[PDB]
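J.: mmCIF, C-alpha atoms, saved as coords36.cif, coming up:
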```
data_start
loop_
_atom_site.group_PDB
_atom_site.id
_atom_site.type_symbol
_atom_site.label_atom_id
_atom_site.label_comp_id
_atom_site.auth_asym_id
_atom_site.auth_seq_id
_atom_site.Cartn_x
_atom_site.Cartn_y
_atom_site.Cartn_z
ATOM 1 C CA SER A 22 141.651 -81.234 85.051
ATOM 2 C CA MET A 23 141.213 -84.902 84.441
ATOM 3 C CA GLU A 24 137.410 -84.324 84.254
ATOM 4 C CA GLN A 25 137.806 -81.653 81.459
ATOM 5 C CA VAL A 26 139.881 -84.175 79.509
ATOM 6 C CA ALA A 27 137.248 -86.992 80.004
ATOM 7 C CA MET A 28 134.575 -84.511 78.805
ATOM 8 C CA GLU A 29 136.713 -83.594 75.783
ATOM 9 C CA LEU A 30 137.201 -87.323 74.959
ATOM 10 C CA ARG A 31 133.317 -87.767 75.006
ATOM 11 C CA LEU A 32 132.923 -84.733 72.688
ATOM 12 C CA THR A 33 135.561 -86.149 70.358
ATOM 13 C CA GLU A 34 133.837 -89.465 70.255
ATOM 14 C CA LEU A 35 130.431 -87.744 69.683
ATOM 15 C CA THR A 36 132.150 -85.845 66.873
ATOM 16 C CA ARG A 37 133.328 -89.197 65.468
ATOM 17 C CA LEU A 38 129.824 -90.649 65.543
ATOM 18 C CA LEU A 39 128.247 -87.442 64.042
ATOM 19 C CA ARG A 40 130.808 -87.471 61.208
ATOM 20 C CA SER A 41 129.665 -90.967 60.269
ATOM 21 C CA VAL A 42 125.946 -89.871 60.581
ATOM 22 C CA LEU A 43 126.716 -86.847 58.367
ATOM 23 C CA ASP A 44 128.307 -89.048 55.719
ATOM 24 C CA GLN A 45 125.372 -91.392 55.664
ATOM 25 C CA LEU A 46 122.868 -88.471 55.368
ATOM 26 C CA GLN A 47 124.825 -86.832 52.640
ATOM 27 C CA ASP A 48 124.796 -90.121 50.614
ATOM 28 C CA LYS A 49 121.023 -89.769 50.532
ATOM 29 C CA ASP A 50 121.586 -86.606 48.456
ATOM 30 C CA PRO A 51 123.346 -88.013 45.390
ATOM 31 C CA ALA A 52 122.357 -85.023 43.276
ATOM 32 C CA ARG A 53 124.281 -82.714 45.716
ATOM 33 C CA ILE A 54 121.317 -80.365 45.983
ATOM 34 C CA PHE A 55 122.156 -79.728 49.686
ATOM 35 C CA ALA A 56 125.945 -79.854 49.501
ATOM 36 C CA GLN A 57 126.672 -76.136 49.585
ATOM 37 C CA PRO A 58 124.967 -72.893 50.704
ATOM 38 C CA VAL A 59 122.344 -71.468 48.455
ATOM 39 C CA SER A 60 124.283 -68.830 46.401
ATOM 40 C CA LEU A 61 123.252 -65.224 47.262
ATOM 41 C CA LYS A 62 124.790 -64.183 43.911
ATOM 42 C CA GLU A 63 122.352 -66.559 42.111
ATOM 43 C CA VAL A 64 119.348 -66.191 44.531
ATOM 44 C CA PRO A 65 119.779 -62.570 45.691
ATOM 45 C CA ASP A 66 116.412 -62.439 47.600
ATOM 46 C CA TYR A 67 117.074 -65.726 49.494
ATOM 47 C CA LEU A 68 117.534 -64.171 52.952
ATOM 48 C CA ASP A 69 114.233 -62.305 52.587
ATOM 49 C CA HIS A 70 112.626 -65.829 52.561
ATOM 50 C CA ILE A 71 114.934 -67.977 54.674
ATOM 51 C CA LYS A 72 116.269 -66.638 57.942
ATOM 52 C CA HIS A 73 118.639 -69.417 58.933
ATOM 53 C CA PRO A 74 120.201 -70.975 55.783
ATOM 54 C CA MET A 75 121.878 -74.338 56.160
ATOM 55 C CA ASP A 76 123.696 -76.928 54.035
ATOM 56 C CA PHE A 77 125.986 -79.958 54.441
ATOM 57 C CA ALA A 78 129.277 -78.021 53.992
ATOM 58 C CA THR A 79 128.296 -75.530 56.715
ATOM 59 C CA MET A 80 127.386 -78.506 59.033
ATOM 60 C CA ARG A 81 130.729 -80.130 58.332
ATOM 61 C CA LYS A 82 132.596 -76.922 59.338
ATOM 62 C CA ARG A 83 130.696 -76.848 62.625
ATOM 63 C CA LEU A 84 131.235 -80.572 63.124
ATOM 64 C CA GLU A 85 135.021 -80.359 62.666
ATOM 65 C CA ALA A 86 135.285 -77.473 65.111
ATOM 66 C CA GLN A 87 133.490 -79.883 67.573
ATOM 67 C CA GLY A 88 130.626 -77.399 67.568
ATOM 68 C CA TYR A 89 127.786 -79.907 68.123
ATOM 69 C CA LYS A 90 127.373 -80.539 71.927
ATOM 70 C CA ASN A 91 124.682 -83.222 71.478
ATOM 71 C CA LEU A 92 122.704 -85.000 68.690
ATOM 72 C CA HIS A 93 119.752 -82.623 69.166
ATOM 73 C CA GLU A 94 121.845 -79.627 67.893
ATOM 74 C CA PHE A 95 123.024 -81.653 64.848
ATOM 75 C CA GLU A 96 119.473 -82.707 64.041
ATOM 76 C CA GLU A 97 118.305 -79.074 64.290
ATOM 77 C CA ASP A 98 120.756 -78.153 61.488
ATOM 78 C CA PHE A 99 119.714 -81.190 59.367
ATOM 79 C CA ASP A 100 116.072 -80.237 59.764
ATOM 80 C CA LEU A 101 116.925 -76.644 58.628
ATOM 81 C CA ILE A 102 118.310 -78.005 55.389
ATOM 82 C CA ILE A 103 115.035 -79.832 54.669
ATOM 83 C CA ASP A 104 112.599 -77.308 56.047
ATOM 84 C CA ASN A 105 114.193 -74.286 54.300
ATOM 85 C CA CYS A 106 114.009 -76.120 50.942
ATOM 86 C CA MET A 107 110.369 -77.147 51.422
ATOM 87 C CA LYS A 108 109.393 -73.525 52.085
ATOM 88 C CA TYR A 109 111.475 -71.785 49.325
ATOM 89 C CA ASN A 110 110.658 -74.307 46.625
ATOM 90 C CA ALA A 111 107.238 -75.374 45.415
ATOM 91 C CA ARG A 112 105.918 -78.945 45.748
ATOM 92 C CA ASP A 113 106.341 -79.734 42.064
ATOM 93 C CA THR A 114 110.072 -79.061 41.959
ATOM 94 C CA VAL A 115 113.096 -81.286 41.898
ATOM 95 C CA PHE A 116 114.388 -79.375 44.937
ATOM 96 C CA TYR A 117 111.328 -79.941 47.122
ATOM 97 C CA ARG A 118 111.144 -83.563 46.089
ATOM 98 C CA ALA A 119 114.841 -84.063 46.908
ATOM 99 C CA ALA A 120 114.190 -82.683 50.422
ATOM 100 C CA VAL A 121 111.304 -85.044 50.981
ATOM 101 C CA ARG A 122 113.430 -88.034 49.960
ATOM 102 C CA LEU A 123 116.344 -86.900 52.184
ATOM 103 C CA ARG A 124 114.000 -86.485 55.146
ATOM 104 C CA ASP A 125 112.458 -89.906 54.619
ATOM 105 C CA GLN A 126 115.754 -91.701 54.093
ATOM 106 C CA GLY A 127 117.611 -89.787 56.816
ATOM 107 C CA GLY A 128 114.949 -90.814 59.395
ATOM 108 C CA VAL A 129 116.303 -94.366 59.556
ATOM 109 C CA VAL A 130 119.898 -93.194 60.095
ATOM 110 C CA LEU A 131 118.887 -90.677 62.767
ATOM 111 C CA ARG A 132 116.727 -93.252 64.579
ATOM 112 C CA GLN A 133 119.737 -95.520 65.123
ATOM 113 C CA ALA A 134 122.078 -92.602 65.871
ATOM 114 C CA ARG A 135 119.870 -91.639 68.813
ATOM 115 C CA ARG A 136 119.952 -95.188 70.194
ATOM 116 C CA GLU A 137 123.823 -95.187 69.793
ATOM 117 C CA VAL A 138 124.249 -91.841 71.541
ATOM 118 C CA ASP A 139 122.073 -92.924 74.536
ATOM 119 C CA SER A 140 123.588 -96.452 74.550
ATOM 120 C CA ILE A 141 127.321 -95.395 74.446
ATOM 121 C CA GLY A 142 126.496 -92.321 76.651
#
```
Take the structure in the file and give it back as structure tokens.

T.:
Amino acid sequence: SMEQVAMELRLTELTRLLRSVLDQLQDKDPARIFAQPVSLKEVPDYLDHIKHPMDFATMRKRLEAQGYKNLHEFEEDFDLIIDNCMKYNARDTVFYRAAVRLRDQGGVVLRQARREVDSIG
């Protein structure tokens, strides 16, 4: 149908906007601490601690399959990155501190993304 196509154009454009959001969030992680999945070869107990692992490469795979229906779903995954790190790692670690800084800096980007998603529909 023409409506299914219109819907698919909206999703594609949402995907375009989320790709730009993802790039901007990932720049706030210059150390690449959150770039890839935590390695289960190197942290064999990880899944005993963290039930829903997340990382920027895994988000990008979902993104490019147009697997985010709305900004809320994308933000859920970003929040998993931060929240998993802040539980697994102690306060006095470079990892925890990197998560705090990503959360704080990403806030600004996500604030304007929400306005853009509502504004453009």

J.: Which residues would end up in the selection if the PyMOL selection byres ((chain A and resi 99-109) around 12) were applied here, given that I need the answer as a CSV table (one decimal) with C-alpha atoms, keeping the file's coordinate frame?

T.:
```
chain,number,residue,atom,x,y,z
A,39,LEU,CA,128.2,-87.4,64.0
A,42,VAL,CA,125.9,-89.9,60.6
A,43,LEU,CA,126.7,-86.8,58.4
A,46,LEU,CA,122.9,-88.5,55.4
A,47,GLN,CA,124.8,-86.8,52.6
A,50,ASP,CA,121.6,-86.6,48.5
A,54,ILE,CA,121.3,-80.4,46.0
A,55,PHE,CA,122.2,-79.7,49.7
A,56,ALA,CA,125.9,-79.9,49.5
A,57,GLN,CA,126.7,-76.1,49.6
A,58,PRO,CA,125.0,-72.9,50.7
A,59,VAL,CA,122.3,-71.5,48.5
A,64,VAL,CA,119.3,-66.2,44.5
A,66,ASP,CA,116.4,-62.4,47.6
A,67,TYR,CA,117.1,-65.7,49.5
A,68,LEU,CA,117.5,-64.2,53.0
A,69,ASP,CA,114.2,-62.3,52.6
A,70,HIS,CA,112.6,-65.8,52.6
A,71,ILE,CA,114.9,-68.0,54.7
A,72,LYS,CA,116.3,-66.6,57.9
A,73,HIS,CA,118.6,-69.4,58.9
A,74,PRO,CA,120.2,-71.0,55.8
A,75,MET,CA,121.9,-74.3,56.2
A,76,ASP,CA,123.7,-76.9,54.0
A,77,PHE,CA,126.0,-80.0,54.4
A,78,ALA,CA,129.3,-78.0,54.0
A,79,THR,CA,128.3,-75.5,56.7
A,80,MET,CA,127.4,-78.5,59.0
A,81,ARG,CA,130.7,-80.1,58.3
A,89,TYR,CA,127.8,-79.9,68.1
A,92,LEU,CA,122.7,-85.0,68.7
A,93,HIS,CA,119.8,-82.6,69.2
A,94,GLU,CA,121.8,-79.6,67.9
A,95,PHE,CA,123.0,-81.7,64.8
A,96,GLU,CA,119.5,-82.7,64.0
A,97,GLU,CA,118.3,-79.1,64.3
A,98,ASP,CA,120.8,-78.2,61.5
A,110,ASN,CA,110.7,-74.3,46.6
A,111,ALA,CA,107.2,-75.4,45.4
A,112,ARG,CA,105.9,-78.9,45.7
A,113,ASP,CA,106.3,-79.7,42.1
A,114,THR,CA,110.1,-79.1,42.0
A,115,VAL,CA,113.1,-81.3,41.9
A,116,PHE,CA,114.4,-79.4,44.9
A,117,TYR,CA,111.3,-79.9,47.1
A,118,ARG,CA,111.1,-83.6,46.1
A,119,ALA,CA,114.8,-84.1,46.9
A,120,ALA,CA,114.2,-82.7,50.4
A,121,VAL,CA,111.3,-85.0,51.0
A,122,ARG,CA,113.4,-88.0,50.0
A,123,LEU,CA,116.3,-86.9,52.2
A,124,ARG,CA,114.0,-86.5,55.1
A,125,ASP,CA,112.5,-89.9,54.6
A,126,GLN,CA,115.8,-91.7,54.1
A,127,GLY,CA,117.6,-89.8,56.8
A,128,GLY,CA,114.9,-90.8,59.4
A,131,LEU,CA,118.9,-90.7,62.8
```

J.: With distances taken over only C-alpha atoms, which residue among A:137, A:85, A:63, A:48 lies nearest residue A:32?

T.: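 Counting only C-alpha atoms, the residue closest to residue A:32 is A:85.
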
J.: Could you jot down the atom CA of residue A:41 to atom CA of residue A:28 separation for me, Å, one decimal place?

T.: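 Interatomic distance, atom CA of residue A:41 to atom CA of residue A:28: 20.2 Å.
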
J.: Suppose you want the space between atom CA of residue A:49 and atom CA of residue A:139; what is it in Å?

T.: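 Separating atom CA of residue A:49 from atom CA of residue A:139 is a distance of 24.2 Å.
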
J.: So how many Å separate atom CA of residue A:88 and atom CA of residue A:134, to one decimal?

T.: 17.5 Å

J.: How big is the axis-aligned box around the listed atoms of stretch 102-108 of chain A once 6 Å is added on each side, and where is its centre? Give both in Å to one decimal, as JSON.

T.:
```
{"center_x": 113.9, "center_y": -76.7, "center_z": 53.5, "size_x": 20.9, "size_y": 18.3, "size_z": 17.1}
```

J.: Give the answer as one residue: which of A:130, A:38, A:52, A:84 has the shortest atom-to-atom distance to residue A:142, using only C-alpha atoms?

T.: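 Residue with the minimum atom-to-atom distance to residue A:142: A:38.
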
J.: Smallest atom-to-atom distance to residue A:30: which of A:45, A:61, A:135, A:87, using all atoms listed in the file?

T.: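 With all atoms listed in the file as the atom set, the closest residue is A:87.
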
J.: For stretch 48-64 of chain A, where the input has fewer atoms than it should, I would like N, CA, C and O atoms rebuilt and written as an mmCIF file, in the coordinates of the input.

T.:
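Written file, out10.cif:
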```cif
data_model
loop_
_atom_site.group_PDB
_atom_site.id
_atom_site.type_symbol
_atom_site.label_atom_id
_atom_site.label_comp_id
_atom_site.auth_asym_id
_atom_site.auth_seq_id
_atom_site.Cartn_x
_atom_site.Cartn_y
_atom_site.Cartn_z
ATOM 1 N N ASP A 48 124.994 -89.131 51.686
ATOM 2 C CA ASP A 48 124.796 -90.121 50.614
ATOM 3 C C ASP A 48 123.373 -90.204 50.115
ATOM 4 O O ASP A 48 123.144 -90.645 48.980
ATOM 5 N N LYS A 49 122.414 -89.826 50.943
ATOM 6 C CA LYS A 49 121.023 -89.769 50.532
ATOM 7 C C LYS A 49 120.669 -88.560 49.696
ATOM 8 O O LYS A 49 119.455 -88.309 49.429
ATOM 9 N N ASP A 50 121.700 -87.820 49.293
ATOM 10 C CA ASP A 50 121.586 -86.606 48.456
ATOM 11 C C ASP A 50 122.561 -86.756 47.290
ATOM 12 O O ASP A 50 123.502 -85.983 47.114
ATOM 13 N N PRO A 51 122.329 -87.779 46.434
ATOM 14 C CA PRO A 51 123.346 -88.013 45.390
ATOM 15 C C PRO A 51 123.417 -86.914 44.356
ATOM 16 O O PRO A 51 124.477 -86.653 43.800
ATOM 17 N N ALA A 52 122.323 -86.166 44.185
ATOM 18 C CA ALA A 52 122.357 -85.023 43.276
ATOM 19 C C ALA A 52 123.132 -83.797 43.819
ATOM 20 O O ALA A 52 123.375 -82.853 43.091
ATOM 21 N N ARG A 53 123.567 -83.825 45.082
ATOM 22 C CA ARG A 53 124.281 -82.714 45.716
ATOM 23 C C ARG A 53 123.517 -81.390 45.770
ATOM 24 O O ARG A 53 124.074 -80.319 45.735
ATOM 25 N N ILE A 54 122.186 -81.518 45.892
ATOM 26 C CA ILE A 54 121.317 -80.365 45.983
ATOM 27 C C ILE A 54 121.597 -79.597 47.285
ATOM 28 O O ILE A 54 121.532 -78.332 47.298
ATOM 29 N N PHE A 55 121.996 -80.324 48.316
ATOM 30 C CA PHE A 55 122.156 -79.728 49.686
ATOM 31 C C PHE A 55 123.613 -79.614 50.132
ATOM 32 O O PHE A 55 123.916 -79.235 51.283
ATOM 33 N N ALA A 56 124.545 -79.886 49.211
ATOM 34 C CA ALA A 56 125.945 -79.854 49.501
ATOM 35 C C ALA A 56 126.535 -78.531 49.919
ATOM 36 O O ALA A 56 127.441 -78.489 50.764
ATOM 37 N N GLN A 57 126.060 -77.421 49.339
ATOM 38 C CA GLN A 57 126.672 -76.136 49.585
ATOM 39 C C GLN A 57 125.563 -75.098 49.916
ATOM 40 O O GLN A 57 124.404 -75.306 49.570
ATOM 41 N N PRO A 58 125.940 -73.989 50.516
ATOM 42 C CA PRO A 58 124.967 -72.893 50.704
ATOM 43 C C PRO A 58 124.285 -72.442 49.473
ATOM 44 O O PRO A 58 124.915 -72.387 48.403
ATOM 45 N N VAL A 59 122.999 -72.134 49.571
ATOM 46 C CA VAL A 59 122.344 -71.468 48.455
ATOM 47 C C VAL A 59 123.158 -70.181 48.137
ATOM 48 O O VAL A 59 123.494 -69.379 49.035
ATOM 49 N N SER A 60 123.510 -70.012 46.862
ATOM 50 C CA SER A 60 124.283 -68.830 46.401
ATOM 51 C C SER A 60 123.465 -67.490 46.428
ATOM 52 O O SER A 60 122.465 -67.405 45.749
ATOM 53 N N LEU A 61 123.932 -66.483 47.179
ATOM 54 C CA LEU A 61 123.252 -65.224 47.262
ATOM 55 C C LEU A 61 123.560 -64.447 46.020
ATOM 56 O O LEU A 61 122.781 -63.586 45.655
ATOM 57 N N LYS A 62 124.627 -64.799 45.272
ATOM 58 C CA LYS A 62 124.790 -64.183 43.911
ATOM 59 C C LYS A 62 123.706 -64.652 42.973
ATOM 60 O O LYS A 62 123.083 -63.843 42.301
ATOM 61 N N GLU A 63 123.403 -65.960 42.962
ATOM 62 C CA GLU A 63 122.352 -66.559 42.111
ATOM 63 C C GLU A 63 120.860 -66.509 42.594
ATOM 64 O O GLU A 63 119.919 -66.623 41.771
ATOM 65 N N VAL A 64 120.668 -66.398 43.919
ATOM 66 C CA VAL A 64 119.348 -66.191 44.531
ATOM 67 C C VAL A 64 119.446 -64.986 45.470
ATOM 68 O O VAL A 64 119.497 -65.114 46.709
#
```
